[PDB]
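In: Here come the first chain(s), positioned as in the complex:
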Amino acid sequence: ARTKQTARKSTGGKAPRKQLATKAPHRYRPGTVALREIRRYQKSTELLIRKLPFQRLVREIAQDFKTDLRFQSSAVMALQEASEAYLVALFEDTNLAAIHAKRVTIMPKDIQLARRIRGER
């Protein structure tokens, strides 16, 4: 027989043991708001990706290329305004691929195709 294992060997769970291992009406029909959300966005230019969660995403990527980098607060923007656009283009292409496949909801099949056809794979 094959027996997995137990990961941790105590009944207390170390919560009670010091130096713990484990303790230190009205509704819109579907879709009608979607379109209202588009015209409210395609008319605006404000950045969509939240900034401070992006800053911490760029830093994490830079580490395994070089250590102790310091980004100018401008060069975190110039990345964001690029990677926002890259995605908005990708989503237009996937929307085209889905309108093609005759369904409305984009899906990872659509993402992967809109990348393969671009040759940017």
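Out: In hand now; what should we look at? Residues are numbered from 1 along each chain as shown, chains lettered A, B, ... in the order given.

In: need the contact list for the spatially most central residue of chain A.
Out: Closest to where the C-alpha atoms of chain A average out (Cα atoms, centre = their mean) is residue A:49, at 9.4 Å. In this structure, residue A:49 makes contact with A:80, A:83, A:84, judged by Cβ atoms under 8 Å, 6 or more residues apart in numbering. From N, CA and C alone the C-beta is placed, and that goes for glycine too.

In: Residue A:116: neighbour count?
Out: For residue A:116, the count of nearby residues is 10 (other Cβ atoms under 10 Å).

In: Determine the set of other helices and strands touching whatever helix or strand it lives in.
Out: Secondary structure from DSSP states H and E places residue A:116 in helix A:108-118. Contacts of helix A:108-118 with other secondary structure elements, assessed using 3 or more Cβ pairs under 8 Å, 6 or more residues apart in numbering; DSSP states H and E, are made with helix A:73-101.

In: Name the residues of the helix it packs on that are buried.
Out: Judged by neighbour count using 16 or more other Cβ atoms under 10 Å, the buried positions of helix A:73-101 are A:76, A:79, A:80, A:90, A:93, A:94, A:97, A:98.

In: Double-check the fifth one against residue A:114; I have them as touching.
Out: Yes: taking Cβ atoms under 8 Å as the definition, residue A:93 is a contact partner of residue A:114 at 3.8 Å.

In: Spit out the contact partners of the nearest residue to residue A:101 once chain neighbours are set aside.
Out: Of all residues beyond its chain neighbours, the one nearest residue A:101 is residue A:110 (7.2 Å), with distances taken as Cβ to Cβ, 6 or more residues apart in numbering. When the contact criterion is Cβ under 8 Å, 6+ apart, the partners of residue A:110 are A:94, A:95, A:97, A:98, A:101.

In: one more chain, chain B:
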Amino acid sequence: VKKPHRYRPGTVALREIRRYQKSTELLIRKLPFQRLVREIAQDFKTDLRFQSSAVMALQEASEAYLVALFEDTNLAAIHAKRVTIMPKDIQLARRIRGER
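Out: With chain B added, the chains above now look like this:
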């Protein structure tokens, strides 16, 4: 009765897909191509003379552009779950690339 032993629709094409991808010669017929290029350039500047290779260089690129198109319109036709490609795909596979 009377059966000519016709292969199944679909297995001649795959066969000849396996025959062309392996091969490497030129597909678009040489002379009827040359009479096309001479006709296109005749529009932009009259009375040109084409060096021999310069016609070949085009056909070598014009093929490997279309083949790059079909291999990319097919992915669009597989996508709608059908096999037969259709002009509503070459209209797609050219707008995805953004080349339009």
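
In: what do you get for the buried residues of helix A:73-101 once chain B is counted?
Out: Within helix A:73-101, the residues scored as buried using 16 or more other Cβ atoms under 10 Å in any protein chain shown are A:76, A:79, A:80, A:90, A:93, A:94, A:96, A:97, A:98, A:100, A:101.

In: so how far is that helix from its chain's centroid?
Out: Between the mean C-alpha location of helix A:73-101 and the chain-wide mean there is a distance of 12 Å, by Cα atoms, centre = their mean, to the nearest Å.

In: Also stretch A:46-60?
Out: What separates the centre of stretch A:46-60 from the centre of its chain is 11 Å, taken as Cα atoms, centre = their mean.

In: Okay, angle between the helix holding residue A:116 and helix A:73-101 too, please.
Out: Computed with axes from the mean of the first three to the mean of the last three Cα atoms, to 10 degrees, the direction of helix A:108-118 lies at 100 degrees from that of helix A:73-101.

In: burial of whatever residue of chain A ends up closest to chain B, as a residue count?
Out: Residue of chain A nearest chain B, by Cβ to the nearest Cβ: residue A:117 (4.3 Å). Burial of residue A:117 is recorded as 24 neighbouring residues (other Cβ atoms under 10 Å in any protein chain shown).

In: Nearest residue to it in space, please, no chain neighbours.
Out: Across the structure, with Cβ to Cβ, 6 or more residues apart in numbering or on different chains as the measure, the residue nearest residue A:117 apart from its sequence neighbours is residue B:96 (4.3 Å).

In: these two touch, right, that neighbour and residue A:95?
Out: No: with contact defined as Cβ under 8 Å, residue B:96 does not count as touching residue A:95 (11.1 Å).

In: so what sits against both of those two?
Out: Listed contacts common to residue B:96 and residue A:95 are nil; contacts here mean Cβ atoms under 8 Å, 6 or more residues apart in numbering or on different chains.

In: can you add chain C next? sequence is:
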Amino acid sequence: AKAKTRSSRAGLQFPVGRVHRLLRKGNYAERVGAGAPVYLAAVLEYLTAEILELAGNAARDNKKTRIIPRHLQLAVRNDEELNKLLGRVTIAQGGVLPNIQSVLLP
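Out: Chain C, in position alongside the others:
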């Protein structure tokens, strides 16, 4: 003899001299002809004298006298003859032209 700028002598507004010095130091070629920069100054003008034109109209039709980077993104993505010149380039703070496919709309 009072010095007259090449840009003013040619009647243009872009700096013929500054374009000329740029053409030399960029290491494009060993020598740059006298008439090369003046021609390139004019070609630079007409490309700004058109993007700033189309964007200039965007301000009026949008009722904001100052041109903000979106008014650029509407001047180029509307015009096909310009869009192909600006195919790959992204404009920061530009947004996207507003459209929705027909199948989506109810």
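
In: again for the nearest residue to residue A:101, chain C present now?
Out: Leaving aside its sequence neighbours, residue A:101 sits nearest to residue B:80 (Cβ to Cβ, 6+ apart; 5.1 Å).

In: Could you give the residue of chain C that lies closest to chain B?
Out: Among all residues of chain C, residue C:87 sits closest to chain B, at 6.9 Å; criterion: Cβ to the nearest Cβ.

In: Dihedrals phi and psi, that residue?
Out: phi -60, psi -60 (degrees, to the nearest 10).

In: Spatially nearest residue to it (excluding sequence neighbours)?
Out: Counting by Cβ to Cβ, 6+ apart, residue C:87 lies nearest to residue B:98, which is 6.9 Å off, once chain neighbours are set aside.

In: for residue C:86, same thing?
Out: Using Cβ to Cβ, 6+ apart and skipping residues adjacent in sequence, the residue nearest residue C:86 is residue C:76, 5.2 Å away.

In: Counting neighbours, which bits of the host helix or strand of the one you found end up buried?
Out: Per DSSP H and E: residue C:76 is located in helix C:69-78. With burial defined by 16+ other Cβ under 10 Å, the residues of helix C:69-78 counted as buried are C:70, C:71, C:72, C:73, C:74, C:75, C:76, C:77.

In: I'd like these as JSON lines, with distance to residue C:97 appended.
Out: Written out in JSON lines, the entries for these read as follows (distance: Cβ to Cβ, whole Å):
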{"residue": "C:70", "distance to residue C:97": "11"}
{"residue": "C:71", "distance to residue C:97": "13"}
{"residue": "C:72", "distance to residue C:97": "12"}
{"residue": "C:73", "distance to residue C:97": "8"}
{"residue": "C:74", "distance to residue C:97": "7"}
{"residue": "C:75", "distance to residue C:97": "11"}
{"residue": "C:76", "distance to residue C:97": "10"}
{"residue": "C:77", "distance to residue C:97": "5"}
